[PDB]
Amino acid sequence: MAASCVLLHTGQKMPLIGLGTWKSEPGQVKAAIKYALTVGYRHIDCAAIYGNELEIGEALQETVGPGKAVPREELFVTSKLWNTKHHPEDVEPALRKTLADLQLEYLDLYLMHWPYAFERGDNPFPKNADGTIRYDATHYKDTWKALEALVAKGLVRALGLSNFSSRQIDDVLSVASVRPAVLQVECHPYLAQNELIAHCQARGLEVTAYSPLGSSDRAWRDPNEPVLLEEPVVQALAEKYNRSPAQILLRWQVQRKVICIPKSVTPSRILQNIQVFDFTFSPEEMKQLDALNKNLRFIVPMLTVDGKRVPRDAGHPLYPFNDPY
């Protein structure tokens, strides 16, 4: 293991650096997984919705397990339950499909991808006549209880939440027999999540930062919005430390003890992204980076409806991002 860890409340050690796999396509992801594991990654972040678990599974079967290059117990694998699978009856089949594709016997962590549900079925984006999303009203508290049964079946070691707000977290905690262990949200110097991180610390949830590098090749970017990797302060620190802008972004987080899952398919970047535990920022440098916070969220679900590109879910009563945190 190249990265250091944090201790989850379950007793699990979670490496502070994991490999993100969103947009890592079938035909490239297998190579990315194998390279990452070889250079010391022991944490992979996956999701059914990314459309690549089948291929990730082939890589893990080659590389991980008895008689292979990496012992299964040394590997931390996260997946996520997609929006169409919030019904208590659909939770186990969804997980078992993910286990099958990944060719694993268990996950180390399984997250509820969003608090709100989509219509049950085999369309991951079910749509109305008008082309807007068709929702299902299963409450996330009922989904949570069904996720708990999976821990009892030995299928998942830990559970957590993705894109939940502080109120929704507290709502889950009021009924949780198995406590969420991790919250995964967008986090980087433009969206520091300071209040939500503090909230999680108080309740025993470790935080994972998704899009820790500003997701710079995300679809339909605003040309007027800044590029986090081009941030002058970041470029300045990169110079000073003889490191890449990406390493500065990741160091800032792991110095805060925030787990980061940067995605890359480029072997050199994969390697450099885990090499963030051999330098330290001064208190003044941390302060420079903390000053960049500006409530700039890059990852907002979007849709094409009637010729215009619109927020997918922003109007939903259960949308997480409306509260202050």
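We number the residues from 1 along the sequence you see.
- Here 31-39 and 289-297 are compared by their mean Cα B-factor, and 289-297 comes out higher.
- Mean C-alpha B-factor is higher over 124-132 than over the other stretch, the pair under comparison being 179-187 and 124-132.
- For the set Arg309, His9, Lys13, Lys23, the maximum C-alpha B-factor listed in the entry falls on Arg309.
- Of the residues listed, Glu195, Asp170, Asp222, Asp101, the entry assigns the biggest Cα temperature factor to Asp222.
- Ranked by C-alpha B-factor against the other modelled residues of its chain, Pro283 falls in the highest third.
- For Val227, the recorded CA B-factor ranks within the highest third of the chain. Only modelled residues enter the ranking.
- Sort the chain's modelled residues by C-alpha temperature factor and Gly18 lands in the lowest third, per the entry.
- In this PDB entry, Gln255 carries a Cα temperature factor that places it within the middle third of its chain's modelled residues.
- Looking at the C-alpha B-factors along this chain, the one for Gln272 belongs to the middle third.
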